[PDB]
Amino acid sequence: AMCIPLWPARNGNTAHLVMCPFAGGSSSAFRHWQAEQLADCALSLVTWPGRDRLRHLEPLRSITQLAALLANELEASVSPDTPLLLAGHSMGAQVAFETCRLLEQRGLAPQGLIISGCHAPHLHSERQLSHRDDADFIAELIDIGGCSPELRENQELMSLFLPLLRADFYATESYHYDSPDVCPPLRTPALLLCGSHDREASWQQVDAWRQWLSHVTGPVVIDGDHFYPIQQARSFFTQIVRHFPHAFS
């Protein structure tokens, strides 16, 4: 399964929040979330094929391919009686959006979509990595914030990580539409989140998601940098719960 549980539901809550991770983010990226359940919904993290317990698979190189895998899994595994919330940050926002698109088409719209820290699909990120050689690629990764310079000093780590990181960044950078009118807007209620000091996604880049979303609140600004879903988890989940009161009973 792509989805791995992080929180069980508690206090009788029936909602299930499914989180799509960062580009190159890993299992370990979200241990901080497992340390303390901040809301009563069940909470699962999506694993891209090619790493963690799915390392026996080749990494996919397309946002829409990831979304098709995830939409099928959720359609098979989530009871239609379960209020479903789809969330994603950075590249995960693109997968969450496209997954929501497929579920919505199928008559299985989730109760909510949370788009965090990501430019809209008709835009390109101002940071671009896929054209760079390995040294430059890693320097961008370090600049983003979730990568040790130790990676540069070990060809074996580089041979392990770079195909995964490069696959992720190719996927998220090649993901682009010429115009919002290429698809009908999504009707699933949506929340836009962005960070006050997030260098990967400005308020304007996230606000542009309103071209694709019929029922949207935000951007709601969380005080933090690109890692605010982790470093400011309390604000992150507070804003999610607040904006989806139906789904949290």
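When you see a residue number, it is the position in the sequence shown, counting from 1.
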Mean C-alpha temperature factor, higher of 137 to 145 and 85 to 93: 137 to 145
Mean Cα B-factor comparison, 26 to 34 or 212 to 220, giving the higher one as deposited: 26 to 34
Residue of maximum C-alpha B factor among 191, 60, 186, 206, per deposited coordinates: 60
Out of 75, 173, 126, 98, highest CA B-factor residue: 126
Lowest, middle or highest third - CA B-factor, residue 110: middle
Residue 119 by Cα B-factor - lowest, middle or highest third of the modelled chain: lowest
Where the record places residue 229 (Cα B-factor, split into thirds across the chain): lowest
B-factor third for the C-alpha atom of residue 70 within its chain: lowest
Record-listed C-alpha B factor of residue 158: chain third: highest
